[PDB]
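Enquirer: Residue numbers (PDB author numbering), protein chains in the order written: chain A, 6 to 75, 81 to 148; chain C, 5 to 75, 81 to 146; chain N, 459 to 481; chain Q, 458 to 478; chain c, 458 to 481; chain a, 458 to 481. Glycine included, every Cβ here is placed at the ideal spot set by N, Cα and C.
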Amino acid sequence: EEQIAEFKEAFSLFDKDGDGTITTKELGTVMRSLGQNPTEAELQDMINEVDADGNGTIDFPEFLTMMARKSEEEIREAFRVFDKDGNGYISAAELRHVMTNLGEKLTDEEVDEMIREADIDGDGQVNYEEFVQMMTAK
Amino acid sequence: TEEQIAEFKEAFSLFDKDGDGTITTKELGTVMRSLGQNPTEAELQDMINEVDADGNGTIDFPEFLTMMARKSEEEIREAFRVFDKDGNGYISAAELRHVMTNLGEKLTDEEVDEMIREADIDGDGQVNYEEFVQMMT
Amino acid sequence: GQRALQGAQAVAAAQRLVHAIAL
Amino acid sequence: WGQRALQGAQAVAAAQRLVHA
Amino acid sequence: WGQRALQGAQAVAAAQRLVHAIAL
Amino acid sequence: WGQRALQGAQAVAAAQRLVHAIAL
Ligand SMILES: [Ca+2]
Ligand SMILES: [Ca+2]
Ligand SMILES: [Ca+2]
Ligand SMILES: [Ca+2]
Ligand SMILES: [Ca+2]
Ligand SMILES: [Ca+2]
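(1) Would you give the residue range spanned by the alpha helix (DSSP H) that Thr-29(C) belongs to?
(2) Please look up how many angstroms separate the CB atoms of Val-136(C) and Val-469(c), rounded, as I've assumed it's under 8 Å.
(3) Which one of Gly-134(A), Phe-19(A), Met-72(A), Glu-84(A) has the shortest CA to CA distance from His-477(c)?
(4) When DSSP labels each residue in this structure, what does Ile-125(C) get in the three-state scheme?
(5) In this structure, how does DSSP classify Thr-26(A) when only helix, strand and coil are distinguished?
(6) Taking only three categories from DSSP, how would you classify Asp-64(A)?
(7) With a cut-off of 8 Å, do at least 3 Cβ pairs link the stretch 11–18 of chain A to the stretch 27–45 of chain C?
(8) For the alpha helix (DSSP H) holding residue 79(A), just list the boundary residues, first then last.
(9) Name the one or two DSSP bridge partners that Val-136(A) has.
(10) May I ask which residues mark the beginning and end of the alpha helix (DSSP H) holding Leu-475(a)?
(11) With distances taken between CB atoms, is the gap from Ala-128(A) to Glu-140(A) smaller than 8 Å?
(12) Determine the chain a residues that contact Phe-92(A) at a beta-carbon separation under 9 Å, and present them in chain order.
(13) Kindly indicate if chain A contains any beta-carbon less than 8 Å away from that of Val-469(a).
(14) Taking C-beta to C-beta, are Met-72(C) and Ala-462(N) nearer than 8 Å?
(15) Quick one: is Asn-137(C) near chain A, going by C-beta distance under 8 Å?
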């Protein structure tokens, strides 16, 4: 309920026009302020994921339900732990060292496989964004 | 730090909308407006002048890096969470008194009320999360 | 120092949002 | 793909923070 | 409000986020 | 990757924040 007041302030960032719903281009303008430039197609499937009624827009109750899914920077902290040289990439060498510290008796193949599980761009290392993708994956 | 200048160029680009190299007073205004705040040209000017090392009116990348070096915003949310026991979003003089007593502070009722009315801006009698970072800065 | 903080406030919220919408 | 959206959103919290305090 | 109280409350939370992470 | 590694990594940072905050 105090939480609803905070979520109404949060919805207002997305709902520039204040009509009660978050359109696809409203998701686009906010994404663009964060430098991300997705296509109209990408914004549509992003909304469609959290569109219970399928009306194309996300209303305040739908938005509330999504926030209730579920601290969002805990991953930032974990990544900083794994990325030892602070270069922003988790090498398989760094992961191996971190697993050994936590007592994981993981072989060289298991470590390389973990790198390949989270390496989307295929650079051989897991950057922050790749780590956040793996941490926030249901 | 050498690979950190990367993450600050991504942060700087967000404000330098035109990419001329400097964040003008109106470019900060547009980023602030995207965050719901609609500050005045005067409020934006004193905000830049604070982190304007040369006083030319705009922040080039080197001044921006210098400003970012100074300091701890997400750890403040944790501290507020510690003071606010009942989770109501407001720190009562009672909540502050208990947290001070737990930490060994021999603070009298007046010292505690003075800390409350010190961070009390809207006169809510309580130290809101906002009101708390305003004094934490 | 009021408008100033209210900015850093809303951002904390925008990232909790683009997190859930985005994931 | 989109977690880079919250990375930037994460960085903007810090930049805003010291652009005034 | 003074540094000792602000950093002490943060240290308590730190101990808290420690026992909580240690749960899993 | 294993919840064991992800939560352990967060617990290390918390011990860190703990020591650093204890320093005041
Ligand atoms: Ca709308
Ligand atoms: Ca809907
Ligand atoms: Ca590395
Ligand atoms: Ca990669
Ligand atoms: Ca500019
Ligand atoms: Ca300059």
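Expert: Working from what's here:
(1) Reading the second sequence from its first residue, position 25 is the one you call residue 29(C). Taken as a continuous stretch (DSSP letters only), the alpha helix (DSSP H) holding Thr-29(C) covers 29–38.
(2) Sequence index remark: in the second sequence, residue 136(C) carries index 127 (1-based). Sequence index remark: in the fifth sequence, residue 469(c) carries index 12 (1-based). Actually they do not touch by this definition, with Cβ atoms about 17 Å apart.
(3) Looking up residue 477(c) in the fifth sequence gives position 20. Among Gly-134(A), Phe-19(A), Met-72(A), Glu-84(A), the Cα nearest to that of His-477(c) is on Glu-84(A).
(4) Along the second sequence, read from residue 1 onward, the residue named residue 125(C) stands at position 116. DSSP places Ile-125(C) within a helical segment (H, G or I) once states are collapsed to three.
(5) One-based indexing of the first sequence puts residue 26(A) at position 21. In the three-state reduction of the DSSP assignment, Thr-26(A) falls in the strand class, which pools E and B.
(6) Here residue 64(A) refers to the residue found at position 59 of the first sequence. In the structure shown, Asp-64(A) sits in a strand (DSSP, three-state: E or B).
(7) With a cut-off of 8 Å, the stretch 27–45 of chain C and the stretch 11–18 of chain A count as touching, because enough Cβ pairs lie within range.
(8) In the structure shown, chain A runs from 75 directly to 81, leaving residue 79(A) without coordinates.
(9) Within the first sequence, numbered from 1, the residue matching residue 136(A) stands at position 126. Note: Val-136(A) sits in a beta bridge opposite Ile-100(A).
(10) If you number the sixth sequence from 1, residue 475(a) lands on position 18. First-last of the alpha helix (DSSP H) with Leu-475(a): 460–478.
(11) Your numbering for residue 128(A) matches position 118 in the first sequence. Your numbering for residue 140(A) matches position 130 in the first sequence. Yes, they are a contact pair.
(12) As a first step, residue 92(A) must be located in the first sequence, where it is residue number 82. Using a Cβ-Cβ cut-off of 9 Å, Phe-92(A) is close to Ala-462, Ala-466 of chain a, given in chain order.
(13) Your numbering for residue 469(a) matches position 12 in the sixth sequence. Output row for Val-469(a): interface = yes.
(14) Along the second sequence, read from residue 1 onward, the residue named residue 72(C) stands at position 68. Along the third sequence, read from residue 1 onward, the residue named residue 462(N) stands at position 4. Result no, Cβ atoms of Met-72(C) and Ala-462(N) do not sit closer than 8 Å.
(15) Here residue 137(C) refers to the residue found at position 128 when the second sequence is read from its first residue. Closer than 8 Å: no.
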